[PDB]
Structure formats: C-alpha cells, structure tokens
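In order, the protein sequence lines correspond to chains A and B. 1 is the number that PDB author numbering gives to position 1 of the first sequence; each next residue is one higher, with no gaps. Just so we're on the same page, PDB author numbering is the position in the second sequence counted from 1, plus 1. Even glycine gets a Cβ: it sits at the ideal position worked out from N, Cα and C. In what follows, a single structure is set out as structure tokens and then discussed.
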Amino acid sequence: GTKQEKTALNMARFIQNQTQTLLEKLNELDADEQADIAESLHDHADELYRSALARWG
Amino acid sequence: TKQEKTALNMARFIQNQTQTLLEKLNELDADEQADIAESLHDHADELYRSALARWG
C-alpha cells in the first residue's frame with residue numbers, strides 16, 4: 001500500500017476497535033435498541049478492516 | 002446520565018470516523034472497500050440518530 005492506503009487501513013483498525021468499545025458500553029447501559037445497531041455496526045467495521053488488511057496490510 | 006452522554010458522544014465520534022474513512026476510500030482505488038464503508042457509515046448514522054433521540 002501507499003502511505004495514503006496505510007492511513008486508511010489504520011483508520012479501519014481504529015473504527016473496528018472503537019465500535020467494539022461502544023458496543024460494550026451500550027451493553028452495560030442495557031440499551032438494547034442502540035446495542036442492536038451497534039452490533040451490526042461493529043460487524044461492518046470488522047468486515048472493512050479485514051478487507052483493508054488483506055489488501056494493504 | 003454521564004454514562005449515557007459518554008455513549009452518545011462516542012456514537013458521534015464514530016459517525017465522523019466512518020464518514021472520513023468512506024471519503025478516503027472513495028479517493029483511493031478501493032471499490033470493494035468503499036462498498037463496505039457505505040454500509041458501515043449508514044449504520045453509524047443510524048446509531049447516532051437513535052442515541053440522539055434517546056439521550057440528546
């Protein structure tokens with residue numbers, strides 16, 4: 001990857017981790033409405049990170 | 002509550018990150034990745050919307 005590609009990979013890694021952290025926070029709030037969306041959010045973040053990692057990592 | 006506001010703000014920060022990463026991927030040759038990021042961003046917008054309705 002170029003430097004720009006690596007910056008995008010790093011940001012995808014960050015969102016993967018940050019979405020896991022927000023999911024845990026919502027689960028502690030027993031905020032089911034939000035945690036339901038957050039789980040799907042984190043799944044897409046994981047998918048994107050793995051996709052970027054394969055390509056530029 | 003402090004805990005609720007922490008989660009709302011984190012949702013907003015994730016929304017900003019997902020918009021930023023979708024734009025970066027669109028700027029790169031990254032169709033496969035940008036397609037995923039479109040859905041990722043729609044989820045971050047919906048989570049922020051929902052959390053704002055509840056805790057804003």
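So which residues of chain A does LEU26(B) contact, with C-beta pairs closer than 7 Å?
As a working note, residue 26(B) is residue 25 in the second sequence. Residues of chain A whose Cβ lies closer than 7 Å to the Cβ of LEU26(B) are, in chain order, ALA8.
Using alpha carbons as the reference points, say which of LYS25(B), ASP32(B), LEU41(B) lies closest to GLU5(A).
If you number the first sequence from 1, residue 5(A) lands on position 5. The residue with the shortest Cα to Cα distance from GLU5(A) is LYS25(B).
Taking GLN18(A) and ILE15(B) to be in contact with their CB atoms under 8 Å, please state how far apart those CB atoms are, rounded to whole angstroms.
Locating residue 18(A) in the first sequence gives position 18, where the first residue counts as 1. Locating residue 15(B) in the second sequence gives position 14, where the first residue counts as 1. With a contact defined as Cβ atoms closer than 8 Å, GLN18(A) and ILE15(B) qualify at about 6 Å.
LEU48(A) - DSSP class collapsed to helix/strand/coil
In the first sequence, counting from the first residue as 1, residue 48(A) sits at position 48. Helix.
Check whether the Cβ atoms of residue 58(B) and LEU48(A) lie closer than 8 Å to each other.
There is simply no residue 58(B) to check, as chain B begins at 2 and stops at 57 in what is shown.
When the Cα atoms are used, what is the spatial distance from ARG50(B) to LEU29(B)?
The residue given as residue 50(B) occupies position 49 in the second sequence. The residue given as residue 29(B) occupies position 28 in the second sequence. Going by the C-alpha atoms only, they are around 29 Å apart.
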